[PDB]
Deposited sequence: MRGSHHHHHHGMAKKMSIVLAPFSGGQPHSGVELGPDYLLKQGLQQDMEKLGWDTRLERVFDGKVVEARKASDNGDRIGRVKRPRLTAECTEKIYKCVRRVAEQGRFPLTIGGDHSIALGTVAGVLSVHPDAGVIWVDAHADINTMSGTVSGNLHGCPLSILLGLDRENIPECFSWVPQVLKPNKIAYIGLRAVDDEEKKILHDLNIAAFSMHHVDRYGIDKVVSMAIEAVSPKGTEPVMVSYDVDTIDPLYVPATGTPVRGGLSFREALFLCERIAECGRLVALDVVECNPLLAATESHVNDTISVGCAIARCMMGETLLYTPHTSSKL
């Protein structure tokens, strides 16, 4: 029962600074102490210095390819995260990665699935994060990691991302909480038959049924390891106001944590990302910590 808390203070996936402060804020909130109380032997893993990285992010406007912003810096930092997370998983430790914007998932998902090839990925997000290189409008790479992970628009992915192993398949990723999906993304999810449970489905079936369906969708044998990549903007701005891309109307605070409890309950969680905490906009950070505690086993009654 060992855990590595992977610190990924990266902001180059989106315009706003402050999200790179995520990891330190979560840790100051007592994240590591929380995990130890739940019985986890923890250690911290520093992938890079957030301030040095932020310096290059803020300065280097020339880091563009087409509409895509910072593909070089992002490719470098996410390869670092990949190597770290992969080693953690090979060591037999649980990789709990704290972001940082969601572009870091390019490294975390690649890292985990390289060790666990049949791992399912549950993407908890208001967004699909699957815009292609030529398809993206904002050019913000935190809205693109799944397209790169899936190898979509192959001929337009820059050489600096050549390091990304092709280990994720469309039938191994399930969305929960979608409500701001771009037109291009809509077509992609449809064409690729990706399991997508939007807010419509949560409203229609309830969060318990949705989580069950999401788990089943990425675990046919019912035995597969499961990874969750958790964007805090899935949770309605009423609870998560300090996040870069707030969307209504999202998960309640209750649904957001219940989701974690159902996942913890299934006992097959192998890795977790908690991303897009931007402290410069207590609630957002305490929600991040709460997600961690519930995911890693904290319950309301005796266990």
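- Positions of the deposited sequence absent from the coordinates, in order: 1-13, 295-301, 324-330.
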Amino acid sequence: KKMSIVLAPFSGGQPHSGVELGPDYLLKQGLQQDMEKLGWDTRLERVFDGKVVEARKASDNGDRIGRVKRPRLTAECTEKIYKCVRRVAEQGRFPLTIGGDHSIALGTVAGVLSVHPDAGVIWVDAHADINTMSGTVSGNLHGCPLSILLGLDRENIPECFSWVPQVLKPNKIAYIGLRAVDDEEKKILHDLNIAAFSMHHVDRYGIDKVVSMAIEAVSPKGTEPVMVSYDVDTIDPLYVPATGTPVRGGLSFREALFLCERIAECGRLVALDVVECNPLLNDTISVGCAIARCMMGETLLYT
From here on, numbers count along this sequence of modelled residues.
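The term rigid core refers to the most C-alpha atoms you can superpose between the two forms while keeping them within 1.5 Å.
- Core superposition of the other structures onto this form places the C-alphas of 240-248 farther off in 6 other deposited structures of this protein than those of the other stretch among 240-248 and 262-270.
- Mean CA B-factor, 153-161 versus 140-148: the higher value falls on 153-161.
- Stretches compared: 91-99, 70-78. Higher mean C-alpha B-factor in the entry: 70-78.
- The residue among 274, 38, 238, 251 whose C-alpha atom has the highest B-factor in the PDB entry is 238.
- Per the deposited record, 134 carries the highest C-alpha B-factor of all listed residues (134, 229, 198, 212).
- For residue 233, the recorded CA B-factor ranks within the lowest third of the chain. Only modelled residues enter the ranking.
- Among the modelled residues of its chain, residue 265 has a C-alpha B-factor that falls in the middle third, as given in the PDB entry.
- In this PDB entry, the Cα temperature factor of residue 221 sits in the top third of its chain's modelled residues, the highest group.
- Residue 34: CA B factor in the middle third of modelled residues in this chain (values from the PDB entry).
- Ranked by C-alpha B-factor against the other modelled residues of its chain, residue 183 falls in the middle third.
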